[PDB]
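Chemist: Attaching a single structure in structure tokens format; questions to follow.
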Amino acid sequence: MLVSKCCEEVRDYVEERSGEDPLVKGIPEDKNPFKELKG
Amino acid sequence: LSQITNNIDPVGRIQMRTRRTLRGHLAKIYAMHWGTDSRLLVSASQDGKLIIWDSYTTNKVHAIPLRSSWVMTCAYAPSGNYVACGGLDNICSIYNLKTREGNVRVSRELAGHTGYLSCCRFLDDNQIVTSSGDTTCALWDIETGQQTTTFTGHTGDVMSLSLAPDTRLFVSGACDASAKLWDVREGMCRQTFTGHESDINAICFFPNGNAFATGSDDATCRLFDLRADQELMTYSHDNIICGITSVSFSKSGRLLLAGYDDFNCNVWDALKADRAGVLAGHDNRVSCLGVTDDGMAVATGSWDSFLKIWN
Amino acid sequence: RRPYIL
Amino acid sequence: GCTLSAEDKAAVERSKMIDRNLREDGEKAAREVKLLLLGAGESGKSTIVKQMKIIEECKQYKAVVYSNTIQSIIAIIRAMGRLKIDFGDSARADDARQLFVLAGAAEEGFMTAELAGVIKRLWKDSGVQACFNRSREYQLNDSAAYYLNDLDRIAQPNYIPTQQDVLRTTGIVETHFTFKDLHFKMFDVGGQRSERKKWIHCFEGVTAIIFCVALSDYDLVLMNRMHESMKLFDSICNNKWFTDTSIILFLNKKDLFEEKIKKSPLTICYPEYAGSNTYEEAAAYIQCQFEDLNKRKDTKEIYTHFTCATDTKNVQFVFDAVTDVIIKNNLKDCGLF
Amino acid sequence: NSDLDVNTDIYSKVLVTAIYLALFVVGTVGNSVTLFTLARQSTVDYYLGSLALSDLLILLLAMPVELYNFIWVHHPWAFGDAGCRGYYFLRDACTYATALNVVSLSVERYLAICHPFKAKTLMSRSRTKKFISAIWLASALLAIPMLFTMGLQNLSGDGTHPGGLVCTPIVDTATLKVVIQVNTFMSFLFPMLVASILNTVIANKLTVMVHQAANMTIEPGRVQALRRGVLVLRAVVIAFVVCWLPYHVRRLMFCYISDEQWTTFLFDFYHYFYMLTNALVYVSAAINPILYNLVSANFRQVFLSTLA
């Protein structure tokens with residue numbers, strides 16, 4: 001059922017969401033909850 | 001898909017460090033599900049325990065002693081009130097986190113099955129879908145104890161299951177190499193997907209809820225579309241031949257995390273079908289991995305009894 | 001006569 | 001060290017007490033000896049389990065007992081509306097309502113004097129009993145009568161569930177028997193039927209597989225059943241996970257087999273054999289036909305026994321085999337051998 | 001200005017060079033083939049590889065310099081100041097590596113048999129590689145005192161001859177005595193204790209299991225490996241005592257006698273005994289692969305099949 005349109009939908013969905021994604025953009029390590037803060 | 005989606009610039013090399021490490025288990029871990037608050041995660045293993053960790057402080061907020069040690073799956077309800085677990089005992093036992101007593105107890109034992117339970121997912125606090133060992137899937141209602149809608153129609157036994165984000169429907173995979181898109185409300189299958197050589201071991205929805213990837217014993221992840229009713233992409237690479245035990249997407253969908261039996265997890269660019277990164281933490285089969293709904297952390301459990309949390 | 005050997 | 005005002009320290013103390021409970025139960029499991037049972041055609045799987053098992057936890061089930069009891073009586077009451085059965089005494093209608101009010105407001109199974117009274121009166125009512133006796137027409141817990149008849153005991157404030165209460169609350173069957181001061185777990189895995197290629201890897205780390213064959217199934221047909229048992233034994237012994245784990249082979253129903261070999265020959269089962277129609281030679285030929293199938297012999301070793309519904313010298317041979325496999329695993333784990 | 005040279009019989013010197021070369025070739029071949037075999041449960045493999053590695057390093061480092069610089073040229077240091085410091089640093093780091101490896105292997109076997117859960121939790125390949133790296137770092141830290149104590153000194157007739165220079169502890173006798181006696185104290189009396197008692201209780205467990213093996217209905221030809229395990233256990237303990245006792249008795253002898261008791265006869269006896277003690281430590285470092293070889297006659301087959 002028009003697989004090109006559907007994979008283009010997957011593409012535009014992810015490229016819409018790629019920027020605010022905290023793993024492909026990455027972390028600034030100060031907004032990271034997984035800074036360790038231990039000794 | 002790679003001929004279309006190659007104009008987008010690549011993600012670059014992904015380097016992630018083990019931001020936490022959740023020790024305590026004495027066997028192979030088989031499952032892990034985040035919470036919808038993205039802080040608690042449950043993780044079950046063959047030593048009779050499932051343990052509700054706090055991912056930030058590495059604290060064990062709970063540890064539930066199970067009646068039969070053989071446990072293939074677990075799920076964490078989106079309220080945070082319930083957990084579930086089932087294995088070779090054919091019983092998807094259900095535990096109540098938020099009790100007045102504060103002691104987790106088996107609210108009900110869901111039974112009436114002639115096979116091991118491959119997977120459980122929570123719809124609501126009163127609806128739970130499972131994936132059995134008699135080649136069928138089901139949907140239980142916990143308050144009655146009766147299975148509401150039994151899903152019959154596979155020939156080889158079913159191996160995974162993945163609810164959609166809006167939980168109106170779900171996808172289950174089996175040894176037929178046929179992923180089927182069931183429907184919760186009506187009660188019949190809608191679409192059947194072939195395209196794998198052998199058995200499929202891992203299914204995860206794309207975050208929009210309009211697609212899903214599928215990890216198999218054929219060293220091939222294959223992302224399918226539900227509307228277009230056919231295979232869309234074949235995430236596979238040469239020099240690797242081992243099986244896949246778990247898959248999960250990122251929050252945006254840009255990177256999919258595949259769990260191989262070369263003892264380490266690989267990170268696939270979901271658009272160019274490139275191995276974008278290697279997560280080389282574990283020293284045995286990576287049996288389960290999962291990404292937070294907030295998209296910040298990725299925890300991965302394995303048969304060396306170590307949950308690592310990468311970021 | 002001490003040996004330095006060690 | 002931040003402690004976040006006394007609660008992070010108590011969270012870490014909770015985590016450490018959970019670690020303590022983990023290490024105690026993990027020691028109990030790591031000292032525990034796990035044994036696999038296999039065999040498709042019935043091959044003494046019963047006989048061996050009856051010969052094996054012949055030689056605070058309850059409190060955890062309290063609210064399950066309550067839950068099951070509440071579910072049972074609700075099932076009956078609801079069915080009365082569907083089957084159009086009236087209460088014996090119209091006054092029970094108020095009690096039926098109260099049942100739903102009390103179950104409706106609670107978090108999980110529970111029992112109070114008030115609830116016990118409501119359920120007791122409902123259960124003694126003649127309409128409720130008439131519906132109960134039509135239970136085949138709806139879905140009702142098998143243990144409904146068991147709990148409802150014992151309600152008075154179960155409703156006592158200091159109620160502690162008995163073993164039978166717990167048993168009253170169809171796959172693998174675990175028997176956790178002990179012998180010669182050492183505990184044994186026996187996994188009757190042949191109850192559930194599915195693809196063995198997708199769950200046998202749960203069973204790596206089993207100390208010893210106890211494979212069972214009936215001798216007398218040499219001539220029956222579905223294709224010989226004995227050839228099916230040899231292919232099943234082949235598929236398990238040469239498996240990629242059980243490379244180190246040895247096999248305790250049993251040969252069951254030997255006296256039947258003696259009768260069946262004194263009447264019928266053995267060439268019909270295996271063509272290329274021309275030995276004697278004697279007991280010891282035919283038993284040696286079947287044993288050598290099974291133990292030739294291991295493609296590896298430097299790693300593991302099959303331990304064969306002849307048994308039936310006699311010979312009580314069984315569990316000592318089981319523990320001799322378990323000791324030899326555990327000693328060879330320990331030697332291998334040491335830098336010796 | 002040539003003195004302190006000890007005039008020994010040349011046939012005894014040739015005869016201990018031949019022993020040293022035999023232990024050299026045997027230890028190098030054995031340790032090379034064991035590391036290649038272990039390289040081609042995992043924790044006892046890395047433990048045996050670390051002990052064999054430490055023995056190969058003690059041979060290839062210590063053997064040819066000690067050979068050339070005590071047997072042939074008996075007085076001058078061939079290797080300079082950092083040569084002395086590095087020689088005693090390596091040598092004593094390898095001594096602590098060997099002693100702590102045999103400690104860890106004996107605790108691992110005692111753990112592996114008498115506490116199987118506690119040995120499951122204490123053993124992981126991540127933890128074992130971290131632990132062996134830790135023990136090599138600790139052997140280097142405990143060998144730092146053989147850096148700062150030791151050095152060059154000129155003990156010629158006037159202290160100015162370029163050939164009167166020796167390689168010696170440059171510190172006084174009390175500090176020397178305390179450093180060397182705490183080395184011999186912890187590095188030997190603690191491994192003799194753990195090896196003796198642990199391996200004794202393992203041998204008790206194995207002899208009870210042998211008496212319970214004489215389960216003859218279950219038994220194939222596999223009571224040989226239990227007697228061989230008793231023999232290899234006892235070979236480990238006896239070889240460690242007999243090979244690392246005379247070396248530290250020699251160093252004790254150097255430790256206590258303040259030269260008022262030394263004569264010419266004890267001088268000569270000390271030099272010949274030094275030769276014999278380095279013979280025994282190389283016998284240890286070469287007879288590890290032997291008594292791990294000969295007991296595991298299938299792993300032995302693996303050795304000789306890879307060699308052929």
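We label chains A, B, ... in the order they appear in the structure tokens, count residues from 1 in each chain, and number ligands from 1 in the order shown.
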Where does chain D meet chain E within 9 Å, residue by residue, with the nearest atom pair and distance in Å to one decimal for each, counting only C-alpha atoms, listed by chain and rising number, as CSV?

Modeler:
residue,atom,partner,partner_atom,distance
D:23,CA,E:117,CA,8.6
D:26,CA,E:117,CA,7.4
D:27,CA,E:117,CA,5.4
D:28,CA,E:117,CA,8.6
D:29,CA,E:117,CA,8.6
D:30,CA,E:117,CA,5.4
D:31,CA,E:117,CA,6.8
D:298,CA,E:298,CA,8.8
D:303,CA,E:218,CA,7.0
D:304,CA,E:218,CA,8.8
D:316,CA,E:215,CA,8.9
D:317,CA,E:218,CA,7.3
D:319,CA,E:215,CA,9.0
D:320,CA,E:215,CA,5.5
D:321,CA,E:218,CA,6.0
D:323,CA,E:215,CA,8.7
D:324,CA,E:218,CA,7.4
D:327,CA,E:209,CA,8.7
D:330,CA,E:113,CA,7.0
D:331,CA,E:229,CA,8.0
D:332,CA,E:41,CA,7.4
D:333,CA,E:41,CA,5.2
D:334,CA,E:109,CA,6.1
D:335,CA,E:44,CA,5.8
D:336,CA,E:229,CA,6.3
D:337,CA,E:296,CA,4.5

Chemist: Kindly determine which residues of chain D lie within 12 Å of chain A, considering only C-alpha atoms, and give the answer as a ChimeraX atom specification.

Modeler: /D:1-3

Chemist: Need the shell around residue 9 in chain B: protein/DNA/RNA residues with any atom at most 12 Å away, counting only C-alpha atoms. Skip same-chain ones fewer than 6 positions apart. Format as a list in words?

Modeler: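 Neighbouring residues, sequence-local ones excluded: residues 15 of chain A; 254, 269, 271 and 272 of chain B.
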
Chemist: Taking N, CA and C atoms for each residue, export the selection above as a compact mmCIF listing (two decimals), in the first residue's frame.

Modeler:
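Generated output (part.txt):
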# COMPACT_ATOMS: atom_id res chain seq x y z
N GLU A 15 12.50 12.74 11.71
CA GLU A 15 13.22 14.00 11.52
C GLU A 15 12.51 15.16 12.19
N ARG B 254 15.29 7.40 15.76
CA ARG B 254 16.45 7.60 14.89
C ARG B 254 17.43 6.46 15.03
N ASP B 269 21.36 2.77 12.98
CA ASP B 269 20.70 3.89 12.34
C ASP B 269 19.49 3.36 11.60
N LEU B 271 17.43 4.60 9.58
CA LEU B 271 17.14 5.10 8.24
C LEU B 271 18.13 4.64 7.19
N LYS B 272 19.40 4.48 7.52
CA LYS B 272 20.34 4.03 6.51
C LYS B 272 20.76 2.59 6.70

Chemist: From a DSSP calculation on the backbone, collect every residue of range 161-218 of chain D in helix (DSSP H, G or I) and output the set as an MDAnalysis selection string.

Modeler: chainID D and resid 163:167 189:191 196:198 200:203 215:218

Chemist: May I have the residues of chain A within 7 Å of chain B, counting only C-alpha atoms, written as a ChimeraX atom specification?

Modeler: /A:1-3,7,14,17-18,21-23,33-34

Chemist: How about saving the chosen residues, N, CA and C atoms kept, as an mmCIF file, in the first residue's frame?

Modeler:
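Okay, this is what ended up in part08.cif:
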data_model
loop_
_atom_site.group_PDB
_atom_site.id
_atom_site.type_symbol
_atom_site.label_atom_id
_atom_site.label_comp_id
_atom_site.auth_asym_id
_atom_site.auth_seq_id
_atom_site.Cartn_x
_atom_site.Cartn_y
_atom_site.Cartn_z
ATOM 1 N N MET A 1 0.834 -1.196 0.000
ATOM 2 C CA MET A 1 0.000 0.000 0.000
ATOM 3 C C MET A 1 0.873 1.251 0.000
ATOM 4 N N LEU A 2 1.606 1.453 -1.101
ATOM 5 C CA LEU A 2 2.449 2.627 -1.349
ATOM 6 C C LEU A 2 3.514 2.785 -0.256
ATOM 7 N N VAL A 3 4.440 1.817 -0.269
ATOM 8 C CA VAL A 3 5.483 1.700 0.753
ATOM 9 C C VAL A 3 6.402 2.915 0.794
ATOM 10 N N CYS A 7 7.302 4.840 4.272
ATOM 11 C CA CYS A 7 8.640 5.034 4.818
ATOM 12 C C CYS A 7 8.998 6.511 4.845
ATOM 13 N N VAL A 14 10.476 10.900 12.273
ATOM 14 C CA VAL A 14 11.687 10.867 13.083
ATOM 15 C C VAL A 14 12.480 12.162 12.924
ATOM 16 N N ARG A 17 11.117 14.488 15.168
ATOM 17 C CA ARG A 17 11.414 14.218 16.570
ATOM 18 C C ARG A 17 12.896 14.070 16.886
ATOM 19 N N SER A 18 13.779 14.104 15.886
ATOM 20 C CA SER A 18 15.200 13.825 16.099
ATOM 21 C C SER A 18 15.909 14.859 16.962
ATOM 22 N N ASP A 21 15.222 14.647 20.794
ATOM 23 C CA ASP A 21 15.541 13.325 21.297
ATOM 24 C C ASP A 21 16.796 13.389 22.154
ATOM 25 N N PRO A 22 16.736 12.982 23.420
ATOM 26 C CA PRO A 22 17.895 13.098 24.309
ATOM 27 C C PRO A 22 18.967 12.041 24.106
ATOM 28 N N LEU A 23 18.936 11.287 23.031
ATOM 29 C CA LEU A 23 20.006 10.317 22.858
ATOM 30 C C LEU A 23 20.753 10.480 21.546
ATOM 31 N N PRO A 33 20.125 13.318 34.281
ATOM 32 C CA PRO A 33 19.851 12.748 35.605
ATOM 33 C C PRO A 33 20.892 11.742 36.043
ATOM 34 N N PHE A 34 21.689 11.221 35.119
ATOM 35 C CA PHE A 34 22.656 10.183 35.423
ATOM 36 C C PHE A 34 24.060 10.723 35.581
#

Chemist: Counting only C-alpha atoms, a student should be able to say which residues of chain B come within 10 Å of chain E; what is the right answer, written as a ChimeraX atom specification?

Modeler: /B:24-26,282-283,304

Chemist: Within 8 Å of chain C, which residues of chain E show up when using only C-alpha atoms, listed as an NGL selection string?

Modeler: :E and (4 or 166-169 or 251 or 254 or 259 or 262-264 or 267 or 271)

Chemist: Per residue of chain B within 7 Å of chain D, what are the shortest atom pair and its distance in Å to one decimal, counting only C-alpha atoms, with rows by chain and residue number, as CSV?

Modeler:
residue,atom,partner,partner_atom,distance
B:24,CA,D:19,CA,6.8
B:26,CA,D:26,CA,6.7
B:59,CA,D:15,CA,5.7
B:60,CA,D:15,CA,5.0
B:61,CA,D:15,CA,6.7
B:63,CA,D:18,CA,6.8
B:88,CA,D:172,CA,6.5
B:89,CA,D:171,CA,5.5
B:90,CA,D:171,CA,6.2
B:107,CA,D:64,CA,6.8
B:114,CA,D:192,CA,6.1
B:115,CA,D:192,CA,5.5
B:133,CA,D:194,CA,6.1
B:134,CA,D:194,CA,6.4
B:157,CA,D:194,CA,6.7

Chemist: Take the selection from the previous step and output its residues with N, CA and C atoms, as a compact mmCIF listing (two decimals), in the first residue's frame.

Modeler:
# COMPACT_ATOMS: atom_id res chain seq x y z
N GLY B 24 23.13 -7.67 41.57
CA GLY B 24 22.34 -8.33 42.59
C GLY B 24 21.81 -9.70 42.21
N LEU B 26 21.49 -13.53 40.44
CA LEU B 26 22.34 -14.74 40.45
C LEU B 26 21.98 -15.63 39.26
N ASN B 59 19.09 2.04 43.60
CA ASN B 59 18.52 1.43 44.78
C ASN B 59 17.48 0.39 44.36
N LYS B 60 17.44 -0.72 45.09
CA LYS B 60 16.42 -1.74 44.86
C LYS B 60 15.19 -1.36 45.66
N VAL B 61 14.16 -0.84 44.98
CA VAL B 61 12.98 -0.44 45.74
C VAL B 61 12.13 -1.65 46.10
N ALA B 63 11.96 -6.32 45.78
CA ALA B 63 12.39 -7.60 45.22
C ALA B 63 11.36 -8.67 45.55
N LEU B 88 7.51 -20.71 32.47
CA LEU B 88 7.13 -22.08 32.19
C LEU B 88 6.02 -22.61 33.09
N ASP B 89 5.63 -21.88 34.12
CA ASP B 89 4.57 -22.30 35.02
C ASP B 89 3.19 -22.05 34.44
N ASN B 90 3.13 -21.43 33.26
CA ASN B 90 1.93 -21.09 32.51
C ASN B 90 1.03 -20.13 33.27
N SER B 107 -1.64 -10.58 43.68
CA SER B 107 -3.04 -10.24 43.71
C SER B 107 -3.86 -11.37 43.13
N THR B 114 -2.09 -24.06 28.30
CA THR B 114 -1.27 -25.23 28.05
C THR B 114 0.05 -24.89 27.37
N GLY B 115 0.71 -23.85 27.86
CA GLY B 115 2.07 -23.57 27.44
C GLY B 115 2.65 -22.44 28.27
N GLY B 133 2.55 -20.29 25.26
CA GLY B 133 3.24 -21.44 24.69
C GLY B 133 2.42 -22.46 23.94
N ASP B 134 1.12 -22.26 23.89
CA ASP B 134 0.28 -23.07 23.02
C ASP B 134 -0.13 -22.31 21.78
N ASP B 157 4.87 -21.70 17.89
CA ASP B 157 4.61 -21.01 19.14
C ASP B 157 5.02 -19.54 19.09

Chemist: Select from range 46-248 of chain E everything DSSP, run on the backbone, classes as strand (DSSP E), then give the selection as a ChimeraX atom specification.

Modeler: /E:150-154,165-169

Chemist: For N, CA and C atoms, I'd like the residues from the last selection saved as a PDB file, in the first residue's frame.

Modeler:
ATOM      1  N   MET E 150      67.431   0.369  47.753  1.00  0.00           N
ATOM      2  CA  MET E 150      68.558  -0.264  47.087  1.00  0.00           C
ATOM      3  C   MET E 150      69.271   0.744  46.196  1.00  0.00           C
ATOM      4  N   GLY E 151      70.524   0.448  45.871  1.00  0.00           N
ATOM      5  CA  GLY E 151      71.266   1.358  45.028  1.00  0.00           C
ATOM      6  C   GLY E 151      72.686   0.881  44.804  1.00  0.00           C
ATOM      7  N   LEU E 152      73.504   1.821  44.347  1.00  0.00           N
ATOM      8  CA  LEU E 152      74.921   1.617  44.108  1.00  0.00           C
ATOM      9  C   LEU E 152      75.705   2.044  45.339  1.00  0.00           C
ATOM     10  N   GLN E 153      76.821   1.363  45.582  1.00  0.00           N
ATOM     11  CA  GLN E 153      77.763   1.900  46.557  1.00  0.00           C
ATOM     12  C   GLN E 153      79.150   1.424  46.161  1.00  0.00           C
ATOM     13  N   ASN E 154      80.152   2.264  46.369  1.00  0.00           N
ATOM     14  CA  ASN E 154      81.526   1.897  46.067  1.00  0.00           C
ATOM     15  C   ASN E 154      82.204   1.426  47.346  1.00  0.00           C
ATOM     16  N   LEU E 165      82.542  -0.693  42.701  1.00  0.00           N
ATOM     17  CA  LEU E 165      81.132  -0.366  42.824  1.00  0.00           C
ATOM     18  C   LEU E 165      80.279  -1.627  42.804  1.00  0.00           C
ATOM     19  N   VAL E 166      79.410  -1.756  43.803  1.00  0.00           N
ATOM     20  CA  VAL E 166      78.517  -2.893  43.969  1.00  0.00           C
ATOM     21  C   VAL E 166      77.074  -2.403  43.964  1.00  0.00           C
ATOM     22  N   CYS E 167      76.150  -3.354  44.087  1.00  0.00           N
ATOM     23  CA  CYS E 167      74.712  -3.127  44.053  1.00  0.00           C
ATOM     24  C   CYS E 167      74.161  -3.708  45.346  1.00  0.00           C
ATOM     25  N   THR E 168      73.732  -2.835  46.249  1.00  0.00           N
ATOM     26  CA  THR E 168      73.566  -3.198  47.649  1.00  0.00           C
ATOM     27  C   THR E 168      72.480  -2.318  48.251  1.00  0.00           C
ATOM     28  N   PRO E 169      71.872  -2.740  49.364  1.00  0.00           N
ATOM     29  CA  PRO E 169      71.059  -1.796  50.145  1.00  0.00           C
ATOM     30  C   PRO E 169      71.956  -0.729  50.753  1.00  0.00           C
TER      31      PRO E 169
END

Chemist: Between CA of residue 111 in chain D and CA of residue 154 in chain D, what is the distance, to one decimal in Å?

Modeler: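 Atom-to-atom, CA of residue 111 in chain D to CA of residue 154 in chain D, that is 8.4 Å.
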
Chemist: Between CA of residue 275 in chain E and CA of residue 100 in chain E, what is the spacing in Å?

Modeler: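 Calculated distance between CA of residue 100 in chain E and CA of residue 275 in chain E is 24.4 Å.
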
Chemist: Using Å and a single decimal, report how far CA of residue 299 in chain D sits from CA of residue 326 in chain D.

Modeler: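 Result for CA of residue 326 in chain D versus CA of residue 299 in chain D: 13.2 Å, one decimal.
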